[PDB]
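A.B. asks: Let me begin by handing over the structure; questions about it come next.
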RNA sequence: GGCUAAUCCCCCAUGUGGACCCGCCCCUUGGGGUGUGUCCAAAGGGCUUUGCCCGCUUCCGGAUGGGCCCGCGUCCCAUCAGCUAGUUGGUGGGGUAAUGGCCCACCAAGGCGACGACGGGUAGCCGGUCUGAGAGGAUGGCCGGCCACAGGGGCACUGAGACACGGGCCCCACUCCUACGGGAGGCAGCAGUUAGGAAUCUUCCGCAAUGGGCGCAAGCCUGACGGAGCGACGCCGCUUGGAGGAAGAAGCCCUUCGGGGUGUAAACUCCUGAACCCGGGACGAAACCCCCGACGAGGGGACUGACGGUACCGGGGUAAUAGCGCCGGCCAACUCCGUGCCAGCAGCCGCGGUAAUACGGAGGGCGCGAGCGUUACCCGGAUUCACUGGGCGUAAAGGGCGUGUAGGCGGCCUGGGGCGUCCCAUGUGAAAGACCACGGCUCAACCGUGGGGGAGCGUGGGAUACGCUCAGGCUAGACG
RNA sequence: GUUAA
RNA sequence: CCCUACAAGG
Ligand SMILES: [K+]
Ligand SMILES: [K+]
Ligand SMILES: [K+]
Ligand SMILES: [K+]
Ligand SMILES: [K+]
Ligand SMILES: [K+]
Ligand SMILES: [K+]
Ligand SMILES: [K+]
Ligand SMILES: [K+]
Ligand SMILES: [K+]
Ligand SMILES: [K+]
Ligand SMILES: [K+]
Ligand SMILES: [K+]
Ligand SMILES: [K+]
Ligand SMILES: [K+]
Ligand SMILES: [Mg+2]
Ligand SMILES: [Mg+2]
Ligand SMILES: [Mg+2]
Ligand SMILES: [Mg+2]
Ligand SMILES: [Mg+2]
Ligand SMILES: [Mg+2]
Ligand SMILES: [Mg+2]
Ligand SMILES: [Mg+2]
Ligand SMILES: [Mg+2]
Ligand SMILES: [Mg+2]
Ligand SMILES: [Mg+2]
Ligand SMILES: [Mg+2]
Ligand SMILES: [Mg+2]
Ligand SMILES: [Mg+2]
Ligand SMILES: [Mg+2]
Ligand SMILES: [Mg+2]
Ligand SMILES: [Mg+2]
Ligand SMILES: [Mg+2]
Ligand SMILES: [Mg+2]
Ligand SMILES: [Mg+2]
Ligand SMILES: [Mg+2]
Ligand SMILES: [Mg+2]
Ligand SMILES: [Mg+2]
Ligand SMILES: [Mg+2]
Ligand SMILES: [Mg+2]
Ligand SMILES: [Mg+2]
Ligand SMILES: [Mg+2]
Ligand SMILES: [Mg+2]
Ligand SMILES: [Mg+2]
Ligand SMILES: [Mg+2]
Ligand SMILES: [Mg+2]
Ligand SMILES: [Mg+2]
Ligand SMILES: [Mg+2]
Ligand SMILES: [Mg+2]
Ligand SMILES: [Mg+2]
Ligand SMILES: [Mg+2]
Ligand SMILES: [Mg+2]
Ligand SMILES: [Mg+2]
Ligand SMILES: [Mg+2]
Ligand SMILES: [Mg+2]
Ligand SMILES: [Mg+2]
Ligand SMILES: [Mg+2]
Ligand SMILES: [Mg+2]
Ligand SMILES: [Mg+2]
Ligand SMILES: [Mg+2]
Ligand SMILES: [Mg+2]
Ligand SMILES: [Mg+2]
Ligand SMILES: [Mg+2]
Ligand SMILES: [Mg+2]
Ligand SMILES: [Mg+2]
Ligand SMILES: [Mg+2]
Ligand SMILES: [Mg+2]
Ligand SMILES: [Mg+2]
Ligand SMILES: [Mg+2]
Ligand SMILES: [Mg+2]
Ligand SMILES: [Mg+2]
Ligand SMILES: [Mg+2]
Ligand SMILES: [Mg+2]
Ligand SMILES: [Mg+2]
Ligand SMILES: [Mg+2]
Ligand SMILES: [Mg+2]
Ligand SMILES: [Mg+2]
Ligand SMILES: [Mg+2]
Ligand SMILES: [Mg+2]
Ligand SMILES: [Mg+2]
Ligand SMILES: [Mg+2]
Ligand SMILES: [Mg+2]
Ligand SMILES: [Mg+2]
Ligand SMILES: [Mg+2]
Ligand SMILES: [Mg+2]
Ligand SMILES: [Mg+2]
Ligand SMILES: [Mg+2]
Ligand SMILES: [Mg+2]
Ligand SMILES: [Mg+2]
Ligand SMILES: [Mg+2]
Ligand SMILES: [Mg+2]
Ligand SMILES: [Mg+2]
Ligand SMILES: [Zn+2]
């Protein structure tokens with residue numbers, strides 16, 4: 001299945017702060033706070049000039065770890081984006097952003113993307129009224145992602161939505177805190193995201 | 001073992017016999033007529049020729065010699081007779097060839 | 001439409017039959033170069049009307065014999081023994097290619 | 001060459017020879033060990049490389065390498081060949097698969113175990 | 001005897017322009033003249049004109065070139081940077097209208113001889129016809 | 001004789017038939033003479049039965065014999081209604 | 001040997017019509033009409049029984065299916081160059097539904113081949129599939145189309161149709177049964193056994209649905225089919241947890257012995273609940289039939305589910321599989337010990353000779369994850385058979401030189417034709433697949449509906465610059 | 001005599 | 001085990 005392993009070691013490797021724990025990744029301790037260098041016995045030893053290949057591979061491993069997708073699905077999305085009209089780079093992020101588990105994260109129903117995934121798998125989520133437990137379900141403009149009724153009481157869902165009060169949400173989304181429901185307005189524009197990723201390098205990685 | 005539809009084989013055997021016997025009568029008469037025409041025996045020849053014709057068409061009523069196959073025979077037959085006779089005699093009985 | 005081909009008569013040594021040589025040129029499927037290929041058809045000439053050297057039209061027809069499914073439609077022009085000659089020499093040439101050749 | 005020459009002779013599709021006559025181009029082939037020898041490598045190298053002479057079901061009798069430190073093959077050991085030559089042993093173009101037939105998997109192997117045919121040891 | 005009077009002309013031009021001659025003569029022929037018409041029209045050459053060299057008909061082709069240049073090798077850029085025969089004796093090249101090439105995204109041209117006369121690739125595309133792809137220039 | 005019947009085109013546990021005009025002797029999912037409608041037995045779409053009524057009428061008029069089920073569907077689509 | 005029925009067989013009649021000979025007309029290969037002569041039909045059964053249903057006869061036409069013929073296209077070897085007697089054509093017969101040396105009689109001496117005959121090798125061919133920027137290369141499993149075969153070879157009978165996989169006859173090999181004379185048999189149907197092999201499944205359920213055969217119908221048959229089973233064989237979706245958590249347990253690895261690493265990882269707290277357990281419980285199935293109506297239209301009624309108590313719903317509910325390859329360069333990822341050209345690694349370059357980032361183990365790391373590797377094969381990269389898109393002075397490559405045959409190629413001007421070439425219209429280009437859109441299974445895979453395609457070939461019409469061909473002229477090439 | 005630096 | 005990691009020599 002998914003990764004399921006030490007995640008702050010991934011941030012360290014990528015030399016950038018990836019938010020894979022939601023909270024704590026804000027505390028004085030995402031480790032990127034103390035030891036923002038690679039994990040392992042040689043983590044501090046002087047680094048060596050990376051090969052053009054290495055750069056792409058990492059930038060890609062970076063953009064993929066952020067969403068927590070397998071290389072299998074990641075590449076499939078990438079291929080779908082290549083076939084599609086318009087800048088592959090953005091469209092790819094467009095699709096990545098459209099993953100339900102992800103949308104749940106962008107609306108705050110869950111503090112992390114992994115948590116969002118569990119929230120979906122365990123059926124505490126719903127698209128257009130119907131239950132949907134597929135983390136990879138593709139959300140379309142107009143859909144309404146909401147917390148399932150039966151679960152509008154989970155202590156966890158309270159907190160997350162309580163904290164959502166007075167918090168802004170992505171320009172391409174809309175959140176109704178009281179009704180624990182959100183809506184996917186439009187596909188995010190590349191300029192709408194602030195990803196520490198240079199999607200081009202990723203495209204290049206696959207041209208090889 | 002034992003597909004009772006070997007009844008098809010039985011039947012085929014009889015049909016075979018029925019067909020076989022019809023065709024022989026046909027060949028035999030046809031030969032007989034062409035043989036008489038080739039001798040000038042006009043009336044006698046035409047007489048038989050019609051039998052052949054009748055037997056051939058009758059044969060065409062069922063599987064035996066069904067078809068244009070019948071026509072082909074009548075044709076070839078009414079052809080050799082008239083030709084053989086013209087090479088001498090006159091169409092007496094005229095019981096088949098048209099004026 | 002029954003096919004109608006145009007060709008020269010390169011043989012009348014058969015009763016009621018003429019060998020019609022037919023050419024056709026066209027772009028080579030890979031190299032482009034307009035190449036030129038030909039074939040011989042045994043055509044029916046009941047009246048023995050057509051002579052060696054005639055450029056006649058040939059037309060698809062109900063089989064007259066094995067190897068023979070075309071009838072001579074008409075004469076297009078004649079006395080073109082130059083064409084027959086080419087064919088004949090090409091053939092003559094051949095008998096000088098194996099262990100049974102001779103003329104240079 | 002001119003286009004005319006190309007029309008007259010065209011190009012020649014050249015085919016490649018197999019580096020592995022394991023007949024049927026089967027991915028593997030079974031056989032019996034005829035001889036279990038030892039062989040010396042070429043020039044740069046020196047050592048007592050382990051090789052086996054195998055009589056194949058494909059009707060061939062070729063020499064195959066016996067990878068790994070272990071090895072329990074004798075003059076009648078039935079085994080599976082796979083193809084993969086040995087840069088050092090001219091003539092050796094196939095490898096014997098360890099862990100199949102009479103070929104024991106390398107024991108105590110703890111790393112590239114799936115090659116060498118070695119099952120996973122209990123960890124605690 | 002030449003085997004490709006057209007190729008001959010494209011080359012006489014190519015060779016001359018390469019040494020910055022003012023003009024160059026080519027054995028005369030209508031078809032050749034027609035090609036020259038386009039080169040002129042297209043501004044690849046100043047123009048041309050019939051002339052009689054030792055009694056026989058030729059075609060003075062007046063060549064064009066850019067301005068003198070800077071640094072080392074002040075030789076001027078060429079107007080006719082590339083002039084290449086496509087169709088040739090024993091490899092004629094024919095194209096349908098949907099197969100007429102676009103030379104250098106339009107910056108260059110193609111010259112086909114159609115049953116509507118010799119045309120630039122645009123003129124051909126316009127009149128909706130294809131033909132023999134004579135050469136290319138830019 | 002020539003027939004009007006159903007050809008299977010769904011997928012496991014998801015049938016989708018094509019109402020077809022095919023020679024009786026041909027395999028059911030084989031080469032048919034002409035498609036003339038479609039049928040979704042599970043009505044998983046408001047569009048679960050369509051029939052080129054005129055085309056059907058044409059074939060019936062030339063001898064096409066409809067399968068009992070083919071005939072049911074054909075009727076539901078008004079092929080036999082007179083008025 | 002005897003008896004007997006019919007929708008079995010035959011004779012006679014009727015002749016709508018049709019078949020055949022001859023004639024004439026139209027048309028043009030044997031197409032249609034017409035006249036005389038001749039020849040040719042038939043079956044009955046059911047009842048809601050004076051009139052309907054099923055069916056039979058002849059003919060014309062429709063529809064579907066098919067036979068035969070022709071143009072073009074269809075692998076390797078020229079270390080296969082000459083092949084041919086039913087051979088090539090004729091006349092007249094035979095045969096067929098039908099043309100034809102398909103077969104025969106007789107006559108003629110022809111037919112084929114370097115544009116590759118003949119011989120040899122290999123191979124079912126397509127729609128497509130894989131790859132590739134394309135051109136192209138490779139391929140033809142699943143599905144759809146065509147062909148061919150049914151233990152090997154030959155053969156015909158029956159029939160609308162076969163020269164017939166579960167029909168027949170003969171020869172051969174083999175198996176079995178024999179009282180030894182003589183018989184029976186053919187899974188390349190489904191499943192299963194065995195042999196060969198690196199390797200390929202259940203002697204399953206059902207006929208409910210779709211489709212087929214027979215029947216007026218009821219209905220019977222259907223290993224076709226619709227399903228279930230087995231195999232990560234492939235593809236897609238899912239899990240093995242989520243949040244908190246120390247300047248950071250222990251163990252283990254490094255160390256300059258200060259400390260660094262595994263690492264928020266664990267422990268532990270809290271939250272959610274794969275599995276499982278209950279209750280409900282499908283769609284796929286509405287016809288045939290029956291009643292009304294007119295056995296029509298239309299309207300009512302009844303029967304029917306293998307999958308399966310499955311999918312899916314609702315309730316309850318446990319923190320609950322991770323492996324494999326790799327880490328000298330190519331190529332992402334480094335240290336310690338062991339070993340000492342040994343043991344061994346290795347795709348290519350190469351590595352091991354006593355401090356090895358390359359061997360073997362360990363710690364750490366990189367990659368991918370119910371997979372990961374390996375081997376084999378195909379395309380790619382390989383413009384490395386070069387059409388797109390290569391070359392030959394010294395790298396592999398100019399023939400030792402000439403003469404000249406076929407072939408390829410061809411100066412300037414005018415005219416005819418319109419073969420090449422170009423243009424328009426139109427027919428064909430099955431479905432599936434591919435592409436786009438939308439839609440159905442919670443997504444996806446999978447699937448449905450719709451849209452758009454073109455080359456090629458046919459047909460009609462058009463153009464004439466170039467190439468071609470014919471005709472005329474020229475003198476710059478050539479020759480004299 | 002071999003293989004290395 | 002002497003040479004230099006070996007082969008060959010003692
Ligand atoms: K009459
Ligand atoms: K009919
Ligand atoms: K036909
Ligand atoms: K004949
Ligand atoms: K092929
Ligand atoms: K192909
Ligand atoms: K009714
Ligand atoms: K539940
Ligand atoms: K746990
Ligand atoms: K040591
Ligand atoms: K190591
Ligand atoms: K390759
Ligand atoms: K030489
Ligand atoms: K020589
Ligand atoms: K002209
Ligand atoms: Mg794109
Ligand atoms: Mg029976
Ligand atoms: Mg007799
Ligand atoms: Mg003659
Ligand atoms: Mg003949
Ligand atoms: Mg080529
Ligand atoms: Mg050796
Ligand atoms: Mg070495
Ligand atoms: Mg290998
Ligand atoms: Mg040139
Ligand atoms: Mg140029
Ligand atoms: Mg008796
Ligand atoms: Mg009676
Ligand atoms: Mg009867
Ligand atoms: Mg009458
Ligand atoms: Mg009458
Ligand atoms: Mg006529
Ligand atoms: Mg008539
Ligand atoms: Mg009449
Ligand atoms: Mg009668
Ligand atoms: Mg004949
Ligand atoms: Mg005949
Ligand atoms: Mg013959
Ligand atoms: Mg030829
Ligand atoms: Mg051959
Ligand atoms: Mg074969
Ligand atoms: Mg390429
Ligand atoms: Mg198929
Ligand atoms: Mg056979
Ligand atoms: Mg067998
Ligand atoms: Mg047999
Ligand atoms: Mg046989
Ligand atoms: Mg018969
Ligand atoms: Mg048979
Ligand atoms: Mg059988
Ligand atoms: Mg075995
Ligand atoms: Mg199965
Ligand atoms: Mg059934
Ligand atoms: Mg049925
Ligand atoms: Mg049965
Ligand atoms: Mg099945
Ligand atoms: Mg398998
Ligand atoms: Mg945790
Ligand atoms: Mg239940
Ligand atoms: Mg229903
Ligand atoms: Mg149901
Ligand atoms: Mg029923
Ligand atoms: Mg009633
Ligand atoms: Mg009704
Ligand atoms: Mg609980
Ligand atoms: Mg590296
Ligand atoms: Mg050692
Ligand atoms: Mg290794
Ligand atoms: Mg390595
Ligand atoms: Mg998976
Ligand atoms: Mg290539
Ligand atoms: Mg090569
Ligand atoms: Mg080239
Ligand atoms: Mg080269
Ligand atoms: Mg040299
Ligand atoms: Mg050389
Ligand atoms: Mg020389
Ligand atoms: Mg010459
Ligand atoms: Mg010329
Ligand atoms: Mg010429
Ligand atoms: Mg033309
Ligand atoms: Mg099409
Ligand atoms: Mg078209
Ligand atoms: Mg299609
Ligand atoms: Mg959908
Ligand atoms: Mg479609
Ligand atoms: Mg046309
Ligand atoms: Mg002309
Ligand atoms: Mg002239
Ligand atoms: Mg003069
Ligand atoms: Mg020595
Ligand atoms: Mg060495
Ligand atoms: Zn973090």
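A.B. asks: Could you pull out the residue among B:93, B:48 that is touching a helix residue (DSSP H, G or I) at 6+ places or on another chain (Cβ under 8 Å), without any contact (Cβ under 8 Å) to a residue 60 or more places away in the chain and surrounded by fewer than 20 Cβ atoms within 10 Å (Cβ to Cβ)?
C.D. replies: Going through B:93, B:48 in turn, the sole match is B:93.
A.B. asks: Please enumerate the residues belonging to the stretch C:51-69 that are under 14 Å from residue C:39 (Cα atoms) and assigned to a loop (DSSP other than H, G, I, E, B).
C.D. replies: Matches in the stretch C:51-69: C:67 only.
A.B. asks: Is it the case that the stretch A:129-144 has a residue that's part of a helix (DSSP H, G or I), surrounded by 14 or more Cβ atoms within 10 Å (Cβ to Cβ) and not assigned by CATH to the domain that holds residue A:26?
C.D. replies: no
A.B. asks: Report, by residue number, each residue of the stretch D:1-26 that is closer than 19 Å to residue D:91 by Cα and either in contact (Cβ under 8 Å) with a residue 12 or more places away in the chain or touching a strand residue (DSSP E or B) at 6+ places or on another chain (Cβ under 8 Å) (or both).
C.D. replies: D:19, D:20, D:21, D:22, D:23, listed by residue number.
A.B. asks: Separate question: Has the stretch E:71-82 got any residue that is more than 16 Å from ligand 26 (Cβ to nearest atom) and in contact (Cβ under 8 Å) with a residue 12 or more places away in the chain?
C.D. replies: From the stretch E:71-82, those more than 16 Å from ligand 26 (Cβ to nearest atom) are E:71-76; that's our starting set.
Right, trim to in contact (Cβ under 8 Å) with a residue 12 or more places away in the chain and you get E:75-76.
The answer is yes; a qualifying residue exists.
A.B. asks: Let me confirm something: among E:22, E:34, E:77, E:49, which residue is within 24 Å of residue E:126 (Cβ to Cβ) and either more than 14 Å from chain D (Cβ to nearest Cβ) or surrounded by 14 or more Cβ atoms within 10 Å (Cβ to Cβ) (or both)?
C.D. replies: Of E:22, E:34, E:77, E:49, the one residue that is within 24 Å of residue E:126 (Cβ to Cβ) and either more than 14 Å from chain D (Cβ to nearest Cβ) or surrounded by 14 or more Cβ atoms within 10 Å (Cβ to Cβ) (or both) is E:34.
A.B. asks: Quick one: would you say residue D:53 is free of Cβ contacts under 8 Å to residues at least 60 places away in the same chain and loosely packed, with under 15 Cβ neighbours inside 10 Å?
C.D. replies: no
A.B. asks: Let me ask something else about it. Pick out the one residue from C:64, C:58, C:35 that is in contact with a strand residue (DSSP E or B) (Cβ under 6 Å, 6 or more places away or on another chain) and within 16 Å of ligand 20 (Cβ to nearest atom).
C.D. replies: After ruling out the rest, the residue left standing is C:64.
A.B. asks: Just need a number here: residues in the stretch D:105-116 that are crowded, with 18+ Cβ neighbours inside 10 Å and either under 13 Å from the mean Cα position of the chain (by Cα) or closer than 21 Å to residue D:29 by Cα (or both). Quick ask: steps written out before the conclusion?
C.D. replies: So the first thing to find is which residues in the stretch D:105-116 are crowded, with 18+ Cβ neighbours inside 10 Å, and the list is D:105-106, D:109, D:116.
Imposing the further condition that a residue be either under 13 Å from the mean Cα position of the chain (by Cα) or closer than 21 Å to residue D:29 by Cα (or both) reduces the set to D:105-106, D:116.
Final tally of qualifying residues: 3.
A.B. asks: From (1) under 16 Å from the mean Cα position of the chain (by Cα); (2) within 14 Å of another protein chain (Cβ to nearest Cβ), pick out the condition that doesn't hold for residue D:21.
C.D. replies: Of the numbered conditions (1) under 16 Å from the mean Cα position of the chain (by Cα); (2) within 14 Å of another protein chain (Cβ to nearest Cβ), the odd one out for residue D:21 is (2).
A.B. asks: In the stretch E:1-12, how many residues are more than 9 Å from ligand 26 (Cβ to nearest atom) and under 13 Å from the mean Cα position of the chain (by Cα)?
C.D. replies: Going through the stretch E:1-12 one residue at a time, the tally reaches 6.
A.B. asks: What tally of residues in the stretch C:28-50 results from selecting those that are more than 14 Å from chain D (Cβ to nearest Cβ) and outside any loop (DSSP other than H, G, I, E, B)? Break it down into steps so the answer makes sense when it comes.
C.D. replies: In the first step, residues of the stretch C:28-50 are kept if they are more than 14 Å from chain D (Cβ to nearest Cβ); the result is C:38-50.
Those left that are additionally outside any loop (DSSP other than H, G, I, E, B): C:38-44.
Going through the stretch C:28-50 one residue at a time, the tally reaches 7.
A.B. asks: Working only within the stretch D:1-17, note down all residues that are surrounded by 10 or more Cβ atoms within 10 Å (Cβ to Cβ) and more than 14 Å from chain E (Cβ to nearest Cβ).
C.D. replies: D:10
A.B. asks: Filter the stretch E:80-96 for residues that are away from chain D (no Cβ under 14 Å) and buried (at least 16 other Cβ atoms within 10 Å of the Cβ); which is nearest to residue E:4 (Cα to Cα)? Spell out the reasoning first.
C.D. replies: So the first thing to find is which residues in the stretch E:80-96 are away from chain D (no Cβ under 14 Å), and the list is E:80-84, E:94-96.
Narrowing the set further to residues that are buried (at least 16 other Cβ atoms within 10 Å of the Cβ) leaves E:80, E:83, E:95.
Working: E:80: 20, E:83: 15, E:95: 20 Å.
Selected residue: E:83.
A.B. asks: Here are some residues: D:71, D:95. Which one is in a strand (DSSP E or B), more than 14 Å from chain E (Cβ to nearest Cβ) and more than 30 Å from residue C:37 (Cα to Cα)? So that I can check it myself, show each step before the final result.
C.D. replies: Numbers: D:71 fails: in a strand (DSSP E or B).
One residue alone meets the criteria, D:95.
A.B. asks: Got at least one residue in the stretch D:93-104 being within 16 Å of ligand 22 (Cβ to nearest atom) and under 17 Å from residue D:34 (Cβ atoms)?
C.D. replies: The initial filter retains those residues of the stretch D:93-104 that are within 16 Å of ligand 22 (Cβ to nearest atom), namely D:93.
Filter once more, keeping what is under 17 Å from residue D:34 (Cβ atoms): D:93.
Taking every residue of the stretch D:93-104 in turn, at least one turns out to be within 16 Å of ligand 22 (Cβ to nearest atom) and under 17 Å from residue D:34 (Cβ atoms).
A.B. asks: Going residue by residue through the stretch B:75-83, is there one that turns out to be closer than 17 Å to residue B:19 by Cβ and more than 16 Å from ligand 25 (Cβ to nearest atom)?
C.D. replies: No, the stretch B:75-83 contains no residue that is closer than 17 Å to residue B:19 by Cβ and more than 16 Å from ligand 25 (Cβ to nearest atom).
A.B. asks: A follow-up question, please. Being buried (at least 18 other Cβ atoms within 10 Å of the Cβ), within 14 Å of another protein chain (Cβ to nearest Cβ) and either within 16 Å of ligand 93 (Cβ to nearest atom) or in contact (Cβ under 8 Å) with a residue 24 or more places away in the chain (or both): is that true of residue E:113 here? Break it down stepwise before answering.
C.D. replies: On the way: buried (at least 18 other Cβ atoms within 10 Å of the Cβ): yes; within 14 Å of another protein chain (Cβ to nearest Cβ): no; either within 16 Å of ligand 93 (Cβ to nearest atom) or in contact (Cβ under 8 Å) with a residue 24 or more places away in the chain (or both): yes.
Considered against the rule, which asks whether it is buried (at least 18 other Cβ atoms within 10 Å of the Cβ), within 14 Å of another protein chain (Cβ to nearest Cβ) and either within 16 Å of ligand 93 (Cβ to nearest atom) or in contact (Cβ under 8 Å) with a residue 24 or more places away in the chain (or both), residue E:113 comes out as no.
A.B. asks: OK, next. Give D:32, D:51 a once-over and let me know the one that is within 13 Å of the chain's Cα centre (by Cα) and either within 14 Å of chain C (Cβ to nearest Cβ) or away from ligand 24 (no atom under 16 Å from the Cβ) (or both).
C.D. replies: D:51
A.B. asks: Now for a different question. Any idea which of (1) within 14 Å of another protein chain (Cβ to nearest Cβ); (2) on the phi > 0 side of the Ramachandran plot is the one residue C:25 doesn't satisfy?
C.D. replies: The single condition residue C:25 does not satisfy is (2).
A.B. asks: Taking the options E:85, E:91, name whichever one is on the phi < 0 side of the Ramachandran plot and away from ligand 68 (no atom under 16 Å from the Cβ).
C.D. replies: E:85
A.B. asks: Just checking, which of D:19, D:42, D:24, D:13 is assigned to a loop (DSSP other than H, G, I, E, B) and within 16 Å of ligand 24 (Cβ to nearest atom)?
C.D. replies: D:19
A.B. asks: Got a sec? Which of C:42, C:73 is closer than 15 Å to residue C:6 by Cα, more than 16 Å from ligand 48 (Cβ to nearest atom) and touching a residue at least 60 places away in the same chain (Cβ under 8 Å)?
C.D. replies: Just a single option satisfies the conditions, and that option is C:73.
The values are calculated or read from the model by the stated rules, or taken from the named source; these are not laboratory values. For neighbour counting, all protein chains shown are included, and Cβ atoms are generated from backbone atoms with ideal geometry for every residue, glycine included.
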